[PDB]
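The structure appears right after this line, and notes come after that.
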Amino acid sequence: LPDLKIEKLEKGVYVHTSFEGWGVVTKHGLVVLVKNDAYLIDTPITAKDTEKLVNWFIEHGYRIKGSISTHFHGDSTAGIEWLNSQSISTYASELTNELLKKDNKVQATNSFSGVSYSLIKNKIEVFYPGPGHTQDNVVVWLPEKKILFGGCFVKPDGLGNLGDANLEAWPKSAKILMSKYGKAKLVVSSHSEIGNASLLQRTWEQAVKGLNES
Ligand SMILES: [Zn+2]
Ligand SMILES: [Zn+2]
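Each residue of the sequence shown is one higher than the last, beginning at 23 in our numbering.
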């Protein structure tokens, strides 16, 4: 397995890539800085990689102040248990926490009930477009940077794992997301290369295509 990668996207924004009878999953997340405080957008795909990530940031002088997981699957949440052990505030939607609990997995400490939620006002915003990749999937918007983290919902190449997906809802959800974040300069996804707002349209096309095929 390749090692955890941390790559600066721009001032205050880093992409973390971690890796895990299939084969090997590549998983992108972000770390976002508010002054010297760092916030994980999705944990790495393992607890060990979450520890490595946190340590890298600590060793560069940043305080890890919180993490937000975009859906209940391990690739967004693997590190929550370890983060809780460090007294690092973990966040997930109430639906995501309910699905974690249902799977006997460790829950985020903090949660939120709304479709729209500000983790930090004007800097890190959370939005639920509706079901797609999973029932609970949310996206994270960085207004100051015009960057959207779409997690496992933006799937401009193919929809990937359908095991917990809602094929009938995904096209509508995807249109909702396109309408809301046409303003996005960059769209960062869990499993594809970084692009612009057109990846939202690509995702809608893949959702339509995939629903037809079912
Ligand atoms: Zn997933
Ligand atoms: Zn995924």
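Where is the CB? At the ideal position from N, CA and C, for every residue including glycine.
No heavy atom of ligand 1 is found nearer than 7 Å to the CB of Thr68. About 5 Å separates the beta carbons of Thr112 and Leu105, which is inside the 8 Å limit, making them a contact pair.
For the pair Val160 and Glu235, the Cα-to-Cα distance works out to about 25 Å.
Taking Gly182 as the centre and dropping the five residues before and after it, the same chain places the C-beta of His155, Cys174 and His213 closer than 8 Å to its C-beta, in chain order.
Per DSSP, reduced to three states, the secondary structure at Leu121 is helical. Taken atom to atom, the span from the alpha-carbon of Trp163 to that of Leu31 is near 15 Å.
Of the residues assessed, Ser201 falls on the exposed side of the cut-off, its CB having fewer than 16 other CB atoms within 10 angstroms. C-alpha of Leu52 to C-alpha of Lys231: approximately 29 Å in a straight line. Of the other Cβ atoms in all chains shown, fewer than 16 fall within 10 Å of the Cβ of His82; this residue is therefore exposed. Nearest to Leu222 by alpha-carbon distance, out of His38, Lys207, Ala196 and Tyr139, is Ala196. The beta carbon of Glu166 is closer than 8 Å to those of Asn144 and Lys145 in its chain, skipping five residues each way along the sequence.
When distances are taken from the beta-carbon of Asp59 to the heavy atoms of ligand 1, even the shortest one reaches 7 Å or more.
By the criterion of a C-beta distance shorter than 8 Å, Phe134 is surrounded in its chain by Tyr113, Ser115, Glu116 and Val148, once the five residues flanking it on both sides are discounted. By the beta-carbon neighbour count (other beta carbons within 10 angstroms, threshold 16), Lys205 is exposed. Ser40 sits in a strand when the DSSP states are folded into three classes. Shortest gap from the CB of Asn183 to any heavy atom of ligand 1: under 7 Å. Comparing alpha-carbon positions, the option among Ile67, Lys70, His95 and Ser107 lying closest to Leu184 turns out to be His95.
Check the Cα spacing between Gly34 and each of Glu215, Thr48 and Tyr84: the tightest is with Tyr84. Classified as exposed, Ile80 has fewer than 16 neighbouring CB atoms from the shown chains inside 10 Å of its CB.
Exclusion of the five residues before and after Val56 leaves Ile142 and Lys145 as the residues of its chain whose Cβ lies within less than 7 Å of its Cβ. Around the beta-carbon of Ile169, 16 or more other beta-carbon atoms lie within 10 Å, marking it buried. Burial state of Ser138 is exposed, judged by a 10 Å Cβ sphere holding fewer than 16 other Cβ atoms.
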